[PDB]
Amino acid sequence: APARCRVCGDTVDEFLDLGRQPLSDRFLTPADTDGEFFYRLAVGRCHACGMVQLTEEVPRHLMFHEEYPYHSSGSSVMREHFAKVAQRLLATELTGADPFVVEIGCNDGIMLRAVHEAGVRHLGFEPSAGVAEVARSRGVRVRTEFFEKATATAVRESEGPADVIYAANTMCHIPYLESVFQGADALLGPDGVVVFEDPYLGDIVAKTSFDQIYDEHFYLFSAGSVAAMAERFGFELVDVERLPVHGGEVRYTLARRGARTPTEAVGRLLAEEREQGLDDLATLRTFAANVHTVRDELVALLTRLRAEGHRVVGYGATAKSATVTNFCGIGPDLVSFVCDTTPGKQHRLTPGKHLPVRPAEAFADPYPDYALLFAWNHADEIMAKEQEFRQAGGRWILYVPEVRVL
């Protein structure tokens, strides 16, 4: 039995096998290492509805729990981004004298804080307690529960209809989309929409950014697959917008079928996907081959540098990096440690390959010869600020969209 599609039930053709992987966000102490969870990370395309998806679901409680370490507000580019998201929704998707904004996955409340500060009624759903708490400390209302049909329906009954349900980097995390969209159907008001933004399949294929494939990214959405999924659930894809964040995303707007006229952007992006051949399983096999080439070149490079007696360190202990280190077999012999600004990631070992994580100050004591940039979506900001590294002769190693030394 190959996979069955989690949207429509039909058969999924697997095209990339990334091997045995840990949970991306589970950093370890030495005592945890024997007990570490692993699963098989592989990606396939449903031949009927085109949805690209992982072939095994990781249980949601293992990934989303009290001590989930990713706080959205750590990143300044994302603070700016979500302020603008709040402005967009406030400007375009509110009706009447008491509108209501709901967010799935509001994390530390980055976006909804602005909605609150504008005096608009709102509610977040965030089952991870630690981040929920920080959101709450900013004045956001947050239910520490998973958004799904039942929870959404109950909120319709207490809080009334929602003008918009927004989700960033959350919808692709949720295999149970039918239940989310049943929820949305119950909760949304008459001109209500679901607006969600996630890592875009088109960007992943174009950039060979395979580190975007990890436990929390169950779906790799495209406009083609979203339009088909919406239809199945009695919704309709009515707007799309490309965003540059997180290595390349699309924001999808779904309305109940018939309620709105799809914008011209929708057809334009579909034509782009057709140009890219995104829906041809062959294009996806070519991507899988390019992934294997990146692995080969990156391991060869790190292996040479090790042989030359150079010091190589990683920069940014990203969630994505677990896929790289584990798929490529990169341990401490090839990358001595990883520098990271996140207090809870520091003084722990990275998932699966157990690279020690050190604070960002450790980068300078002394500077290494090479820095492997896992935090590649922040390349300009990082490379610009680390002047002394470059003055000491330091070189950057990048692996997106290909392996190169800068």
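Counting begins at 1, following the sequence as shown.
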(message) Which is higher on mean Cα B factor in this entry, 183 to 191 or 205 to 213?
(response) 183 to 191
(request) Check the entry's C-alpha temperature factors for 224 to 232 and 67 to 75, then say which stretch has the higher mean. (result) 67 to 75
(request) Identify, among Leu243, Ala162, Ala83, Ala129, the residue whose C-alpha carries the highest B-factor in the deposited PDB entry. (result) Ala129
(request) Please pick out which of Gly394, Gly19, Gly9, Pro22 has the largest Cα B-factor as recorded in the entry. (result) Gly9
(message) Among the modelled residues of this chain, does the Cα B factor of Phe37 put it in the lowest, middle or highest third?
(response) highest
(request) Place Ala379 in the lowest, middle or highest third of its chain's C-alpha B-factors, as listed in the PDB entry. (result) middle
(request) Would you check the entry's CA temperature factor for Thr92 and let me know if it's in the chain's lowest, middle or highest third? (result) middle
(request) Would you mind checking where the Cα B-factor of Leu373 ranks among the modelled residues of its chain, as the lowest, middle or highest third? (result) lowest
(message) Looking at the temperature factor on the CA atom of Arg45, which third of the chain's modelled residues does it land in?
(response) middle
